[PDB]
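Visitor: Could you have a look at this structure, given as structure tokens, before my questions?
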Amino acid sequence: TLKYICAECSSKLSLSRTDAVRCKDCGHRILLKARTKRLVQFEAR
Amino acid sequence: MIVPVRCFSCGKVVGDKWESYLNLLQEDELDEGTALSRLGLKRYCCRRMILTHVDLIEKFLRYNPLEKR
Amino acid sequence: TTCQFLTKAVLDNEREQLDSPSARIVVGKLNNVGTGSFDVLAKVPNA
Amino acid sequence: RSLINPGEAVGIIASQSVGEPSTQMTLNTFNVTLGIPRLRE
Amino acid sequence: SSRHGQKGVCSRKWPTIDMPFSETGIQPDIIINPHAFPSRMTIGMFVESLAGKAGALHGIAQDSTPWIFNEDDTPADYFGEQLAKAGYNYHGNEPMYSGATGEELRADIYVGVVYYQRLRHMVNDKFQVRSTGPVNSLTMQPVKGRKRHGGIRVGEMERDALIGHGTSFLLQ
Amino acid sequence: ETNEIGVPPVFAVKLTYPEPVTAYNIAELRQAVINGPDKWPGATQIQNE
Amino acid sequence: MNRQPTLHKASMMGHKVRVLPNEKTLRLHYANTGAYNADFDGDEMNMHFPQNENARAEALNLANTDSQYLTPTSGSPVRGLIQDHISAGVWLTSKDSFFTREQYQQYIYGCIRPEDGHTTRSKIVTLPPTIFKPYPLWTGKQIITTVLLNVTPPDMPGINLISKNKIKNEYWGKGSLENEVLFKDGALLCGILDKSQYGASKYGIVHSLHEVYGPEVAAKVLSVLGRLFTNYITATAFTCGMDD
Amino acid sequence: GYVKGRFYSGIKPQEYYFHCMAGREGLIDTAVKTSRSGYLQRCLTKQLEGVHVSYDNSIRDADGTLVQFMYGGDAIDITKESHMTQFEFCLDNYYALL
Amino acid sequence: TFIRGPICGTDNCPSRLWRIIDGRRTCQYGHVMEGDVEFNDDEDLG
Amino acid sequence: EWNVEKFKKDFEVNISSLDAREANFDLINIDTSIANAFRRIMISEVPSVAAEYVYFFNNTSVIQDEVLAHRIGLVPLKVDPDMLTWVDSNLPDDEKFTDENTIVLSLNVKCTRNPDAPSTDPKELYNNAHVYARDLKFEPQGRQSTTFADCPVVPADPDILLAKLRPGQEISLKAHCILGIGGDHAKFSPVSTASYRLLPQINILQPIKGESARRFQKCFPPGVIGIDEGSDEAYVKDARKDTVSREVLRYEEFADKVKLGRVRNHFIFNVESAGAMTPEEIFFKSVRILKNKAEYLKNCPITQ
Amino acid sequence: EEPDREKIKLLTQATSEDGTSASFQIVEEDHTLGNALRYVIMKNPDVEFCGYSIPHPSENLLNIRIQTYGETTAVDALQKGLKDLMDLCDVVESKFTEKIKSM
Amino acid sequence: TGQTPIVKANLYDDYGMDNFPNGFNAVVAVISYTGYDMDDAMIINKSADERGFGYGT
Amino acid sequence: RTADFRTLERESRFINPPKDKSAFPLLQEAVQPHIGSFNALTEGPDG
Amino acid sequence: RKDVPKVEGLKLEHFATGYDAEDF
Ligand SMILES: [Zn+2]
């Protein structure tokens with residue numbers, strides 16, 4: 001599941017369409033994207 | 001940030017000695033010179049890695065965007 | 001004063017002889033100082 | 001065998017032999033005009 | 001840079017394999033040339049070098065506020081006296097061996113612990129190479145640009161430098 | 001050397017020189033075409049007649 | 001190559017290409033830093049690559065760095081070794097400098113390779129030691145003699161030069177003559193070597209070899225000495241401390 | 001402002017303040033040194049651009065007009081005259097110079 | 001990652017080509033096109 | 001004149017102390033070029049196992065991903081080399097990491113809040129707040145579940161603090177550990193310091209008995225100079241204990257009556273360990289690398 | 001099988017007609033073997049000149065040069081040196097084996 | 001990874017400059033050894049760098 | 001001189017920020033020319 | 001003028017390789 005995080009109260013969240021960029025719980029207009037399980041590789045250097 | 005795993009000059013593993021060092025200063029009330037020598041650091045390059053570490057990770061961790069407040 | 005001297009040369013019907021190094025770089029001719037102050041000619045053997 | 005060669009750009013070299021060490025010549029008093037303001041006259 | 005105006009570009013990252021090593025076994029992290037000292041006269045770096053090594057040994061920190069010391073209370077005598085009680089050289093020198101040949105260096109090397117700093121501006125967006133490429137539509141000359149893959153300017157002064165050599169074909 | 005310059009391999013596989021192919025440099029210029037644009041003593045274009 | 005404020009024509013010279021692996025910057029010798037007004041602290045230099053044999057022949061014969069040894073302003077030399085190489089010649093050409101056979105032969109091949117075409121003989125020739133019996137030892141002035149013997153052409157006589165140093169005779173003790181520099185038939189017999197000899201300084205040994213042997217030889221002696229004092233600094237370092 | 005202190009032993013606060021005065025007097029002179037000699041050399045090189053040595057040793061301009069009859073009075077390259085009057089050097093190295 | 005424009009020749013195919021140095025254009029098999037002019041300009045709101 | 005029998009008669013080894021981590025020993029009558037080669041190979045050419053590639057699946061901690069991968073590479077694993085073979089870095093990733101080249105470590109930590117009663121310490125306040133190197137789990141891939149079952153892969157220092165967490169944050173990674181040498185990267189260097197020093201020689205010239213020996217005692221480490229009487233007056237007890245501080249040279253009483261030299265063929269090696277191998281074993285492994293470094297040139301055709 | 005002909009390479013431009021004077025170039029080497037091998041070759045009473053040299057630090061190439069007096073080529077004196085350095089590491093290994101078992 | 005200085009002023013603590021570490025303590029040798037460090041140039045240790053010396057983002 | 005680094009005092013203040021007025025009061029007196037100047041626009045005598 | 005305070009309690013903390021505090 002694609003998700004976001006409320007930037008004021010850290011409540012997880014997802015928005016699809018005809019959906020305002022707001023926190024459902026508080027009304028914060030700033031949302032930050034969460035990171036999900038996805039592979040990245042690094043050399044240990 | 002966190003304690004360096006190895007020392008820059010010698011290459012001793014030093015990262016296992018930061019919590020031991022803070023207990024020799026707190027509990028045993030040693031000075032910094034005796035506390036470093038009981039941890040087995042005796043080259044002054046390996047001494048300054050534990051002696052002079054700032055540990056800013058404790059100040060970064062207060063800004064957690066994944067938990068409330 | 002580029003167009004100032006340009007007017008002085010058009011009224012004068014001047015033939016730029018292309019021998020100063022600023023006049024040769026404009027027209028792309030080889031410079032006349034150093035390795036361009038002489039010609040090279042190949043001596044061919046048959047009549 | 002120490003002569004100047006024909007085709008040598010002595011006019012550029014003379015101007016570069018004044019214009020380059022004039023960059024060294026740009027400081028204050030250690031009366032008469034000195035340095036670059038004298039040389040520009 | 002250190003805290004004394006002794007800045008310096010990293011010229012080469014030199015392997016520990018062939019960097020000089022001490023009696024203690026230490027290879028230094030930074031090598032600074034002693035020819036950077038006589039014209040700069042930053043003597044605060046020489047006294048920081050023996051103050052910092054005295055503090056790494058004894059586990060103490062040193063005050064380096066100006067005008068704590070005196071001409072009768074010279075800090076080379078103060079922090080030198082602390083190196084002698086640890087068992088090091090009074091003058092801050094260390095017997096040190098060659099990494100490359102393995103022989104002992106001729107004089108004991110002045111080694112210590114100096115606080116260093118990394119400057120922010122770096123040399124990434126500085127190099128460019130063009131064999132051919134984009135032009136301009138008016139002049140058909142190579143375009144300007146670092147990231148537009150653009151040419152290098154042979155200016156007015158370089159035209160005069162190519163006449164001064166008498167090289168008419170390099171100008172061509 | 002004091003008369004030399006040390007060129008990085010980034011520059012070295014980018015700048016090219018139009019060498020005309022002849023009977024004395026065909027040994028060098030074959031290996032330059034074989035090495036191609038990535039191995040360093042190589043080439044990047046050939047120009048036909 | 002040109003450093004970009006191009007004041008005089010020696011700031012745009014012709015270099016030979018040496019392609020170095022594992023490196024990301026242009027890389028230049030110290031003997032070229034006087035002509036470009038260059039310090040290695042974030043300066044850039046442009047690299048122009050000419051595209052026909054007329055322009056290769058000019059950048060190798062007219063604009064090369066070997067013909068720019070003397071500047072046209074007053075005829076003074078502008079090329080020479082700079083900081084550690086000056087302070088290694090005061091140690092190597094000193095009178096305490098003694099070298100054994102394995103040390104002597106290693107310093108000669110560290111600076112002179114016959115495979116890179118430094119020798120004029122294809123075989124490195126050496127000298128007898130100056131101390132035979134108690135232990136066979138060479139002298140540090142006798143290393144300067146050997147590297148002039150191998151890079152100067154064989155069918156000419158050696159150099160003859162009576163010059164001075166910058167270093168007064170009183171600094172060496174009683175009755176020393178280490179201020180007079182004496183070359184006799186290409187053998188350094190007296191005096192240490194300074195900035196006054198292989199720096200960018202007139203009437204030294206490097207400026208004398210330029211007059212007698214030509215610009216190609218005096219450019220090779222600046223390379224051979226620069227590798228000699230680099231390898232001597234690595235085997236025997238130089239430091240400045242607090243006790244100084 | 002006569003500093004009897006030395007950098008080995010450190011300087012006093014009064015004579016620390018006067019030494020900062022002498023450190024800024026050189027830096028302010030560079031601050032008045034924006035563009036000095038860049039246009040002096042451009043004016044010389046534009047006139048003296050085409051002046052060259054001709055094959056009859058005269059110094060002429062590119063259009064042909066004569067400027068001098070011989071370079072410096074003696075027709076000597078400056079970069080070749082250094083051991084010209086070093087006669088004792090040239091006498092010691094006679095066989096190599098020959 | 002190919003971008004359109006005019007047609008192509010080099011005895012193969014009317015299509016979009018492969019520019020090599022962002023103003024010099026090649027074909028898909030290693031034959032060269034002529035003079036892309038690559039309109040750029042500098043900025044000296046002013 | 002020099003020989004190999006003439007070298008075997010004069011060469012000596014005196015082993016001072018040997019331990020599971022450090023080892024002091026002497027090499028008597030050997031050249032500096034040979035002993036520098038032994039010091040060289042121990043730092044640079046003796047191979048070891050360390051994490052090389054790190055595959056983050058999630059990392060929501062404060063520490064950057066590339067920083068946390070760097071810290072895992074510096075952790076000394078107690079894997080014995082010669083259990084692994086060398087990887088081949090040209091053939092691609094679907095064919096490159098086999099079970100005979102590679103050791104897989106994993107890390108899967110989540111931080112939650114602990115319900116506690118009391119400005120309090122975060123071991124009593126969060127769950128899995130600190131991540132250590134002992135949280136790296138050995139996953140025995142392939143047929144080497146049975147040859148690493150005798151002694152599994154563990155970090156040689158299990159209390160290396162890798163990361164710190166707060167609740168909500170997690171780290172999920174998986175590191176492939178490969179074999180390599182310390183000239184490539186310093187994480188493969190199996191030694192904390194392989195170094196030597198040359199034996200100090202303290203030549204007393206004039207007899208300095210009496211109270212001029214009591215103050216000659218103190219210009220050296222305590223076990224170095226001894227006193228008996230005016231007879232057996234001031235002598236070197238142990239010239240191995242001395243750090244070359246030259247403290248006796250800044251007193252004018254002794255500036256003529258002593259020298260400080262070295263014994264040039266007598267080396268004092270101090271070899272430590274990062275943990276994977278005992279330090280007496282990476283001295284053997286060094287003297288055999290130099291031997292094989294010459295065999296491979298002897299048994300090699302001289303080209304052109 | 002097929003050996004590795006890219007490791008050691010005689011530079012034929014500096015090799016004499018007799019073979020008594022030669023130069024070599026070894027890939028992936030530095031001061032480690034070149035200083036240890038120069039020491040063992042210089043214990044030959046027939047070697048007149050020997051020294052190693054690293055042309056540039058940024059490439060891993062090792063030039064060593066041998067000049068003999070005659071009566072032995074420089075390839076014969078290189079492989080006497082590699083053989084006497086194999087033998088010299090067997091002595092150090094044996095003394096260090098015997099003295100760990102002597103504790 | 002910043003470090004506090006061993007050699008610091010007393011006012012380093014009063015302004016709370018330990019919350020903002022600006023550099024790192026380095027074992028510095030004043031030596032001319034390599035030939036690559038002249039006029040403005042220094043030499044970094046390679047194995048120190050591989051162990052994280054002077055790293056930043 | 002003796003001038004210690006306050007290593008236990010630093011780590012206590014990192015983990016546990018103060019719940020009173022701030023430590024390091026010289027740091028707030030460095031910007032008192034800016035903050036106090038803006039504060040005089042609304043607070044103080046004559047409104 | 002008060003002198004710069006000599007730190008009291010300074011001991012031997014550089015021992016040669018392989019040695020420790022064996023000095024009593
Ligand atoms: Zn085509």
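We label chains A, B, ... in the order they appear in the structure tokens, count residues from 1 in each chain, and number ligands from 1 in the order shown.
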For ligand 1, list the contacting residues at 9 Å or closer, counting only C-alpha atoms and all ligand atoms, as a ChimeraX atom specification.
Guide: /I:8-13,26-32
Visitor: Please return as a list in words: the residues of stretch 56-126 of chain G that backbone DSSP assigns to alpha helix (DSSP H).
Guide: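 So, restricting stretch 56-126 of chain G to alpha helix (DSSP H), we get residues 56, 57, 58, 59, 60, 61, 84, 85, 86, 87, 88, 89, 90, 91, 92, 101, 102, 103, 104, 105, 106, 107, 108, 109, 110 and 111 of chain G.
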Visitor: Go ahead and write the selection's residues with C-alpha atoms as an mmCIF file, in the first residue's frame.
Guide:
data_model
loop_
_atom_site.group_PDB
_atom_site.id
_atom_site.type_symbol
_atom_site.label_atom_id
_atom_site.label_comp_id
_atom_site.auth_asym_id
_atom_site.auth_seq_id
_atom_site.Cartn_x
_atom_site.Cartn_y
_atom_site.Cartn_z
ATOM 1 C CA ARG G 56 52.167 19.572 -33.880
ATOM 2 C CA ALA G 57 55.498 20.706 -35.281
ATOM 3 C CA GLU G 58 55.097 24.195 -33.878
ATOM 4 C CA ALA G 59 54.092 23.078 -30.418
ATOM 5 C CA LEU G 60 57.101 20.737 -30.258
ATOM 6 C CA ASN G 61 59.743 23.039 -31.707
ATOM 7 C CA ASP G 84 61.943 20.251 -0.958
ATOM 8 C CA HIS G 85 64.371 19.764 -3.785
ATOM 9 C CA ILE G 86 66.310 22.825 -2.673
ATOM 10 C CA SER G 87 66.370 21.540 0.865
ATOM 11 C CA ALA G 88 67.449 18.069 -0.234
ATOM 12 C CA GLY G 89 70.446 19.251 -2.226
ATOM 13 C CA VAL G 90 71.768 20.955 0.886
ATOM 14 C CA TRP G 91 71.579 17.522 2.508
ATOM 15 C CA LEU G 92 72.624 15.276 -0.343
ATOM 16 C CA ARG G 101 77.035 0.519 -2.830
ATOM 17 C CA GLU G 102 73.466 -0.704 -2.518
ATOM 18 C CA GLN G 103 72.367 2.807 -1.628
ATOM 19 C CA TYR G 104 74.418 4.467 -4.367
ATOM 20 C CA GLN G 105 73.197 2.190 -7.130
ATOM 21 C CA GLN G 106 69.593 2.525 -6.000
ATOM 22 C CA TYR G 107 69.661 6.322 -6.105
ATOM 23 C CA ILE G 108 71.062 6.316 -9.623
ATOM 24 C CA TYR G 109 68.401 4.012 -11.003
ATOM 25 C CA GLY G 110 65.672 5.789 -9.069
ATOM 26 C CA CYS G 111 66.262 8.920 -11.146
#
Visitor: Please list as a tab-separated table (two decimals) with N, CA and C atoms, in the first residue's frame every residue within 9 Å of residue F:2, counting only C-alpha atoms and excluding residues in the same chain fewer than 4 positions away.
Guide:
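Wrote selection-v2.tsv, looks like this:
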chain	number	residue	atom	x	y	z
G	15	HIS	N	53.35	20.99	-24.09
G	15	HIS	CA	53.71	19.86	-23.25
G	15	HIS	C	53.58	18.56	-24.02
G	28	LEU	N	50.91	18.28	-13.16
G	28	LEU	CA	51.97	19.10	-13.72
G	28	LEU	C	53.20	19.04	-12.82
G	29	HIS	N	54.36	19.29	-13.39
G	29	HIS	CA	55.59	19.26	-12.61
G	29	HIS	C	55.79	20.60	-11.91
G	30	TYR	N	56.62	20.58	-10.87
G	30	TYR	CA	56.90	21.80	-10.13
G	30	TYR	C	57.76	22.78	-10.91
G	31	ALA	N	58.59	22.29	-11.83
G	31	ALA	CA	59.44	23.17	-12.63
G	31	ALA	C	58.65	24.04	-13.58
G	32	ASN	N	57.39	23.73	-13.80
G	32	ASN	CA	56.52	24.52	-14.71
G	32	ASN	C	55.70	25.55	-13.94
G	65	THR	N	58.14	23.64	-23.83
G	65	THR	CA	58.64	24.17	-22.57
G	65	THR	C	60.16	24.18	-22.50
G	66	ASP	N	60.84	23.48	-23.39
G	66	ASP	CA	62.29	23.48	-23.35
G	66	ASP	C	62.89	24.72	-23.98
G	219	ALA	N	66.81	20.46	-19.81
G	219	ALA	CA	65.50	20.02	-19.38
G	219	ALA	C	65.54	18.62	-18.79
G	220	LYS	N	66.45	17.77	-19.26
G	220	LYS	CA	66.56	16.44	-18.69
G	220	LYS	C	67.26	16.46	-17.34
G	222	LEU	N	66.93	18.84	-15.13
G	222	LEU	CA	65.89	19.22	-14.19
G	222	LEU	C	64.93	18.08	-13.87
G	223	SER	N	64.77	17.11	-14.77
G	223	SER	CA	63.93	15.97	-14.44
G	223	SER	C	64.69	14.95	-13.62
G	226	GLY	N	65.12	16.20	-10.13
G	226	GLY	CA	63.86	16.23	-9.42
G	226	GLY	C	63.41	14.87	-8.94
Visitor: Find the residues around residue J:45 up to 10 Å (only C-alpha atoms counted), leave out those fewer than 6 positions away in its own chain, and share them as an mmCIF file with N, CA and C atoms, in the first residue's frame.
Guide:
data_model
loop_
_atom_site.group_PDB
_atom_site.id
_atom_site.type_symbol
_atom_site.label_atom_id
_atom_site.label_comp_id
_atom_site.auth_asym_id
_atom_site.auth_seq_id
_atom_site.Cartn_x
_atom_site.Cartn_y
_atom_site.Cartn_z
ATOM 1 N N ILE E 17 50.375 1.508 3.546
ATOM 2 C CA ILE E 17 51.412 0.592 3.102
ATOM 3 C C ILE E 17 52.766 1.289 3.013
ATOM 4 N N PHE J 38 57.582 -8.014 5.402
ATOM 5 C CA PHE J 38 56.685 -8.742 6.293
ATOM 6 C C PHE J 38 55.668 -7.808 6.915
ATOM 7 N N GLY J 180 38.786 -10.348 0.422
ATOM 8 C CA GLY J 180 39.556 -9.296 -0.225
ATOM 9 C C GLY J 180 40.775 -8.923 0.586
ATOM 10 N N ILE J 181 41.655 -8.132 -0.023
ATOM 11 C CA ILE J 181 42.907 -7.723 0.603
ATOM 12 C C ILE J 181 42.847 -6.258 1.001
ATOM 13 N N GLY J 182 43.668 -5.913 1.984
ATOM 14 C CA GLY J 182 43.680 -4.603 2.591
ATOM 15 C C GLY J 182 44.301 -3.507 1.770
ATOM 16 N N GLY J 183 44.935 -3.826 0.643
ATOM 17 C CA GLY J 183 45.371 -2.780 -0.256
ATOM 18 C C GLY J 183 44.219 -2.192 -1.022
ATOM 19 N N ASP J 184 43.177 -2.990 -1.241
ATOM 20 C CA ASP J 184 41.967 -2.543 -1.911
ATOM 21 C C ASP J 184 41.175 -1.593 -1.031
ATOM 22 N N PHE J 188 39.420 -4.771 4.794
ATOM 23 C CA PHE J 188 39.930 -6.121 4.648
ATOM 24 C C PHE J 188 41.238 -6.330 5.375
ATOM 25 N N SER J 189 41.772 -5.311 6.016
ATOM 26 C CA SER J 189 43.071 -5.440 6.641
ATOM 27 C C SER J 189 42.928 -6.243 7.918
ATOM 28 N N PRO J 190 43.608 -7.379 8.048
ATOM 29 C CA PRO J 190 43.370 -8.278 9.172
ATOM 30 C C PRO J 190 44.085 -7.896 10.449
ATOM 31 N N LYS J 285 51.277 -16.374 7.559
ATOM 32 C CA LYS J 285 50.549 -16.165 6.331
ATOM 33 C C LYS J 285 51.161 -15.045 5.513
ATOM 34 N N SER J 286 51.939 -14.171 6.138
ATOM 35 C CA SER J 286 52.688 -13.126 5.457
ATOM 36 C C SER J 286 54.000 -13.620 4.878
ATOM 37 N N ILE J 289 53.176 -15.514 1.827
ATOM 38 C CA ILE J 289 52.755 -14.721 0.676
ATOM 39 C C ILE J 289 53.963 -14.196 -0.079
ATOM 40 N N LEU J 290 54.979 -13.707 0.641
ATOM 41 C CA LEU J 290 56.205 -13.231 0.006
ATOM 42 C C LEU J 290 56.952 -14.348 -0.696
#
Visitor: By how many Å are atom CA of residue A:10 and atom CA of residue J:129 apart?
Guide: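 Computed distance, atom CA of residue A:10 to atom CA of residue J:129, equals 19.2 Å.
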Visitor: Please provide as a list in words all residues within 10 Å of residue E:82, with the sequence filter that same-chain residues fewer than 6 positions apart are discarded (counting only C-alpha atoms).
Guide: residues 50, 51, 53, 54, 55, 57, 58, 76, 88, 89 and 90 of chain E; 6, 7, 10 and 11 of chain N
Visitor: I need the chain L residues near chain J as a ChimeraX atom specification; criterion: at most 7 Å, counting only C-alpha atoms.
Guide: /L:47,50-51
Visitor: Store the residues picked out above, limited to C-alpha atoms, as an mmCIF file, in the first residue's frame.
Guide:
data_model
loop_
_atom_site.group_PDB
_atom_site.id
_atom_site.type_symbol
_atom_site.label_atom_id
_atom_site.label_comp_id
_atom_site.auth_asym_id
_atom_site.auth_seq_id
_atom_site.Cartn_x
_atom_site.Cartn_y
_atom_site.Cartn_z
ATOM 1 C CA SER L 47 43.374 3.860 4.898
ATOM 2 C CA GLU L 50 38.546 4.279 3.788
ATOM 3 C CA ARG L 51 37.778 4.141 7.505
#
Visitor: Distance cut-off 12 Å, counting only C-alpha atoms - which residues of chain K neighbour chain F? Return them as a list in words.
Guide: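 Every residue of chain K that passes the 12 Å test is in residues 55, 56 and 58 of chain K.
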Visitor: May I have the residues within 9 Å of residue E:66 as a list in words, using only C-alpha atoms and disregarding those fewer than 5 positions away in the same chain?
Guide: residues 10 and 13 of chain H; 9 of chain L
Visitor: List as number ranges by chain the protein and nucleic acid residues near stretch 3-6 of chain M, meaning an atom at most 7 Å away when only C-alpha atoms are counted, but skip any in the same chain fewer than 3 places from it.
Guide: E: 60-63; L: 10; M: 9-10
Visitor: For a quick check of understanding, using only C-alpha atoms, which of A:26, A:5, A:21, A:13 has the smallest distance to chain B?
Guide: A:5
Visitor: Identify all chain F residues at most 12 Å from chain G by counting only C-alpha atoms; ligands do not count. Present them as a short mmCIF file (atom, residue, chain, number, x, y, z; two decimals) with C-alpha atoms, in the first residue's frame.
Guide:
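What follows is the written file iface.cif:
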data_model
loop_
_atom_site.label_atom_id
_atom_site.label_comp_id
_atom_site.auth_asym_id
_atom_site.auth_seq_id
_atom_site.Cartn_x
_atom_site.Cartn_y
_atom_site.Cartn_z
CA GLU F 1 58.95 14.91 -16.82
CA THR F 2 59.30 18.67 -16.64
CA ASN F 3 58.11 18.98 -20.24
CA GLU F 4 55.09 16.73 -19.75
CA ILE F 5 51.51 16.92 -18.58
CA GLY F 6 49.55 14.24 -16.81
CA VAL F 7 46.27 13.69 -18.62
CA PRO F 8 43.39 11.90 -16.86
CA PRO F 9 41.79 8.94 -18.64
CA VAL F 10 38.53 10.91 -18.65
CA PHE F 11 40.12 13.39 -21.04
CA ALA F 12 42.17 10.76 -22.79
CA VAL F 13 39.31 8.74 -24.27
CA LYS F 14 37.48 11.86 -25.45
CA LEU F 15 39.99 14.00 -27.35
CA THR F 16 40.91 12.57 -30.73
CA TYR F 17 43.33 13.19 -33.57
CA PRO F 18 42.61 12.51 -37.28
CA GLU F 19 45.49 10.24 -38.16
CA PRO F 20 45.75 9.39 -41.88
CA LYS F 39 39.93 1.03 -24.07
CA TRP F 40 42.44 3.83 -24.03
CA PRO F 41 44.95 3.33 -26.83
#
Visitor: Work out how far atom CA of residue G:5 is from atom CA of residue H:23, in Å to one decimal.
Guide: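 So the two atoms, atom CA of residue H:23 and atom CA of residue G:5, lie 27.4 Å apart.
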Visitor: Should the cut-off be 8 Å, what would the residue list for chain D against chain C look like, counting only C-alpha atoms, as a ChimeraX atom specification?
Guide: /D:6-9
Visitor: Take the selection from the previous step and output its residues with C-alpha atoms, as a CSV table (one decimal), in the first residue's frame.
Guide:
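Output contents, as saved in part.csv:
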chain,number,residue,atom,x,y,z
D,6,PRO,CA,63.9,36.8,-39.2
D,7,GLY,CA,60.2,36.6,-38.6
D,8,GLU,CA,60.5,36.9,-34.8
D,9,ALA,CA,57.6,38.7,-33.3
Visitor: Find the residues of chain D in contact range of chain H, meaning any atom within 9 Å when counting only C-alpha atoms, and list them as an NGL selection string.
Guide: :D and (1-16 or 18-20 or 22-23 or 26-28 or 36 or 39-40)
Visitor: Report as a list in words the set of chain L residues whose atoms approach chain B to within 9 Å, with distances computed over only C-alpha atoms.
Guide: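 Written out as asked, the residues are residues 1, 2, 3, 4, 5, 6, 18, 19, 20, 21, 24, 25, 26, 27, 45, 47, 48, 49, 50, 51, 52 and 53 of chain L.
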Visitor: Please measure the separation of atom CA of residue E:59 and atom CA of residue L:22, giving the value in Å to one decimal.
Guide: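 Taking atom CA of residue E:59 and atom CA of residue L:22, their separation equals 20.9 Å.
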Visitor: May I ask which of the residues J:215, J:123, J:176, J:6 is the closest one to chain A, counting only C-alpha atoms?
Guide: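 Looking only at the distances to chain A, the closest residue turns out to be J:176.
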Visitor: Residues of chain L within 8 Å of chain G, counting only C-alpha atoms, what are they? List them as a PyMOL selection string.
Guide: chain L and resi 30-35+38-41
